[PDB]
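A quick write-up on the structure given underneath.
Number of protein chains: 2
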Amino acid sequence: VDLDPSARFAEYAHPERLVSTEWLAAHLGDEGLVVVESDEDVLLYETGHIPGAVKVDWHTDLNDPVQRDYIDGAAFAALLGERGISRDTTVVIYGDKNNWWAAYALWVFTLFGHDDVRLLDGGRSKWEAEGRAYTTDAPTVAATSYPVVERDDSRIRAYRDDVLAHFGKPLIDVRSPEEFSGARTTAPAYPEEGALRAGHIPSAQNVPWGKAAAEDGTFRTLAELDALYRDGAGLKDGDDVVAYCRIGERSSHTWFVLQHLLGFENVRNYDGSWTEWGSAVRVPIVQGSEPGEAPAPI
Amino acid sequence: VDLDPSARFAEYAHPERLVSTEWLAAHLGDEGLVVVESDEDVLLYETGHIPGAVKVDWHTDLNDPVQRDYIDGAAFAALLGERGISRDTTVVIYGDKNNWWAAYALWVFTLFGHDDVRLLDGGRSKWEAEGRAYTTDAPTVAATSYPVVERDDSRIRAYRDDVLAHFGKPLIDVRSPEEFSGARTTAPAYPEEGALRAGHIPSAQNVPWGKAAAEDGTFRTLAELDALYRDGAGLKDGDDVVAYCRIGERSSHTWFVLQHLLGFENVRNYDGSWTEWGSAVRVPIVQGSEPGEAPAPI
Numbered sequence: 003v004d005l006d007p008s009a010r011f012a013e014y015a016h017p018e019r020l021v022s023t024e025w026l027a028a029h030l031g032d033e034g035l036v037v038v039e040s041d042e043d044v045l046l047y048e049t050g051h052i053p054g055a056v057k058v059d060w061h062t063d064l065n066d067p068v069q070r071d072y073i074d075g076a077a078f079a080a081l082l083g084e085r086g087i088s089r090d091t092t093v094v095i096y097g098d099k100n101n102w103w104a105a106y107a108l109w110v111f112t113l114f115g116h117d118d119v120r121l122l123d124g125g126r127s128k129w130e131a132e133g134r135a136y137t138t139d140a141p142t143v144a145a146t147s148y149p150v151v152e153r154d155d156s157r158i159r160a161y162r163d164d165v166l167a168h169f170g171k172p173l174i175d176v177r178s179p180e181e182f183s184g185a186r187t188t189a190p191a192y193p194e195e196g197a198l199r200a201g202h203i204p205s206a207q208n209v210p211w212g213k214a215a216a217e218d219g220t221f222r223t224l225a226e227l228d229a230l231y232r233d234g235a236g237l238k239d240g241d242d243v244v245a246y247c248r249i250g251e252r253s254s255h256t257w258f259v260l261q262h263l264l265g266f267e268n269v270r271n272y273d274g275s276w277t278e279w280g281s282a283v284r285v286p287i288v289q290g291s292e293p294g295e296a297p298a299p300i
Numbered sequence: 003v004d005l006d007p008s009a010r011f012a013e014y015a016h017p018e019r020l021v022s023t024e025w026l027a028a029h030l031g032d033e034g035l036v037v038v039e040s041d042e043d044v045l046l047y048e049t050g051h052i053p054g055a056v057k058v059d060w061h062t063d064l065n066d067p068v069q070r071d072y073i074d075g076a077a078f079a080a081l082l083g084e085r086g087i088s089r090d091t092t093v094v095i096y097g098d099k100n101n102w103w104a105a106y107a108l109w110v111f112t113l114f115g116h117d118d119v120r121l122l123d124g125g126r127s128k129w130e131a132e133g134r135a136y137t138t139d140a141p142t143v144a145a146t147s148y149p150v151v152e153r154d155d156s157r158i159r160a161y162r163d164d165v166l167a168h169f170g171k172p173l174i175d176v177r178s179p180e181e182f183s184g185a186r187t188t189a190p191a192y193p194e195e196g197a198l199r200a201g202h203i204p205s206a207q208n209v210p211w212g213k214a215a216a217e218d219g220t221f222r223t224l225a226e227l228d229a230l231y232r233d234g235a236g237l238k239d240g241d242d243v244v245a246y247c248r249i250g251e252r253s254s255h256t257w258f259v260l261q262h263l264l265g266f267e268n269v270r271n272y273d274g275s276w277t278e279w280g281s282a283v284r285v286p287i288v289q290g291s292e293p294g295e296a297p298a299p300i
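Chains as they are written, first to last, in the authors' numbering: chain A, 3 to 300; chain A', 3 to 300. A prime marks a further copy of an entry chain.
As structure tokens, then:
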């Protein structure tokens, strides 16, 4: 299944990671293509979704049911086969909130080493605004076989003890400035994603995740994104960059911007994020909207 | 300042760690004695407190104001000097909820290597029930000098990574059975001490902390405590025992039972507790009222 030649994506480091609404519309039904809805609000799928599209539910499908971790490769294989996805399938993911969760799903696929995963620029917003068709029909899929591969946390995921040893290397905190400063422990809309303590990781640069998206829901031009991350947050070629929100689901979008649109080679998602960090014992915290000086590597 | 010869304390491993209401009443005003109120409800002090008694407020006095850790030895020295406590002072601590917080304060003193700290058996309850006098007078204290010593976390405190390496060695979870089982993430009365996930550390034995206390607020007889911890939770001589609640403040009472009343030589408080554990990434959790099989040391 082919690539989108849109001049807009061509400036980006990995244009192959993006498809337009017009490309996907032209490609609906193609053999080798499966469309996945990945929404923060999992109930949107049933309101209307892109024809042939399947749903991944972050509450039930992507997380261990009891323990705080992503599923293993057996459960991932059963998830993807049930949805007619094979190892070689081109997967295009779109969803609500400007592909916030679409990016998170893309990130989980990458842990499992699925190569051809792509975001539908503008997600549900831009499909809806261009008046393209939804269906409420439960799509009908022939089950396939998907290989059982071991999950790879090496390249794109950061644990707590990795972030403690990271000081002197750049940190992006993608949370509202009020959470950044420690004025709130969490966003108003998410009381259940609070922590004991308030502030940010010392030396973290506040880049709320929404700034990487235009009003239409598409990713900003490379130049605008260069302004934000290179000039604004002080990232340069070779930097080992860790991004964090409250939960890893919410820091996946920025991960995707840094790794696939700006082409930073070493980009890790700290999924523990503030829900872990603000409840952990004897981990560095500062308050105020100043990044802060980093302490000694722990 | 002398020891309480009460026959009741004499069976305990460290009788010197306990004083009765009748002993303290006989000893009020003695040079070398300072009484400390340590309450979960810090406002009780102002309702009426033991004459000459000072207050330690766990919200403001014992914790770093921003970061999740206990104060350092400079702030501890200033706390104790301000209250007329010198290195050689006998400190007797009492408070509400059957000395729940009194034990927590005793635990913080021990981190700072203060030797003669003692609990008033029965705390505020038993002082009140025997109709002994309170005052609402802000007591008046000559400031003393207290040495600056480095805080010792080696002997009585456990961090997360210590508990991950602890499997195959005994764990006491002192939380309500409903939190133990994962039916609730927290106790009804403490919504702000929840976690993302619910259950207990696999192989942990549920011994709610209240069972070590009689209805009067005194510690149970050694035999009753032997029933609970030795027979019930399967502790034997030489065991490295870690106890945990939601926060370390609440697991200090049990620590004090295991270390000073039963005389277990190696007893650590995991202060991170469930607020840390139930929000940490990729740490073992089980549900149900069965302890569970331990996994491999992490």
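Note that CB positions come from ideal geometry on N, CA and C, so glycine has one too.
By the CB criterion at 8 Å, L113(A) and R70(A) fall outside the cutoff. The stretch 202-221 of chain A and the stretch 7-17 of chain A' do not touch, with fewer than three beta-carbon pairs separated by less than 8 Å. Annotation: Cβ neighbours of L198(A') in chain A (cutoff 7 Å, chain order): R70, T277. Residues of the same chain with a CB within less than 6 Å of the CB of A131(A), apart from the 5 flanking positions on each side, do not exist. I287(A) has a beta carbon lying within less than 8 Å of a beta carbon in chain A'. For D175(A'), the uninterrupted beta strand (DSSP E) segment begins and ends at 173-175.
A residue is called buried once 16 or more other Cβ atoms fall within 10 Å of its Cβ, and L108(A) is buried on that count. Taken residue by residue, none of the stretch 101-118 of chain A' has a beta-carbon sitting less than 7 Å from a beta-carbon on chain A. In the same chain as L35(A), and ignoring 5 residues on each side of it, the C-beta atoms closer than 6 Å to its own belong to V3, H29, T92, in chain order. Taking 8 Å as the cut-off, the Cβ atoms of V143(A') and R85(A') count as close. Scanning its chain for C-beta atoms nearer than 8 Å, with the 5 sequence neighbours on each side dropped, one finds around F169(A') the residues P204, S205, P286, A296, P297, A298, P299, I300, in chain order. Taking the beta carbon of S205(A') as reference, no residue of chain A falls within 9 Å; the closest one sits roughly 15 Å away. According to the DSSP assignment, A9(A') belongs to the alpha helix (DSSP H) that extends over 9-12. The C-beta of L173(A') has 16 or more other C-beta atoms within 10 Å across all chains shown, which makes the residue buried. Going by C-alpha positions, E278(A') is about 7 Å away from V283(A).
The alpha carbon of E48(A) has as its nearest neighbour, out of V110(A), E24(A), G97(A), the alpha carbon of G97(A). In the DSSP secondary-structure assignment, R120(A') is bridged to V94(A'). Here DSSP, grouped into helix, strand and coil, assigns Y106(A') to helix.
In the three-state reduction of the DSSP assignment, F114(A') falls in the coil class. A residue is called buried when at least 16 other Cβ atoms come within 10 angstroms of its Cβ; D175(A') meets this threshold and is buried. By the CB criterion at 8 Å, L20(A') and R177(A') fall outside the cutoff.
With contacts defined by Cβ atoms closer than 8 Å, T256(A') and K128(A') do not form a contacting pair. The three-state reading of DSSP puts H202(A) in strand, counting E and B together. Only exposed fits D90(A'), as fewer than 16 other CB atoms lie within 10 angstroms of its CB. Per DSSP, reduced to three states, the secondary structure at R19(A) is helical. Pairwise C-beta distances place the stretch 222-234 of chain A' out of contact with the stretch 184-192 of chain A', as fewer than three of them are shorter than 8 Å. Under the three-state reduction of DSSP, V150(A') is assigned to coil, being neither helix nor strand.
Closest in alpha carbon position to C247(A), among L26(A), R270(A), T137(A), is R270(A).
A Cβ-Cβ distance of about 12 Å is found for the pair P210(A') and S291(A'), leaving them out of contact under the 8 Å criterion. Within the stretch 22-95 of chain A, the alpha helix (DSSP H) runs of at least 4 residues that lie entirely inside it are, in chain order, 23-29, 75-84. If you look at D164(A'), you'll find it in the alpha helix (DSSP H) that goes 162-166. Counting only residues of its own chain and dropping the five nearest sequence neighbours on each side, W103(A) has a CB closer than 7 Å to the CB of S40, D41, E42, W60, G97, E251. Taking the Cα positions, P149(A) is about 21 Å away from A55(A). Among the residues facing chain A', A282(A) is included, as its CB has a counterpart in that chain under 8 Å away. With contacts defined by Cβ atoms closer than 8 Å, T146(A') and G50(A') do not form a contacting pair.
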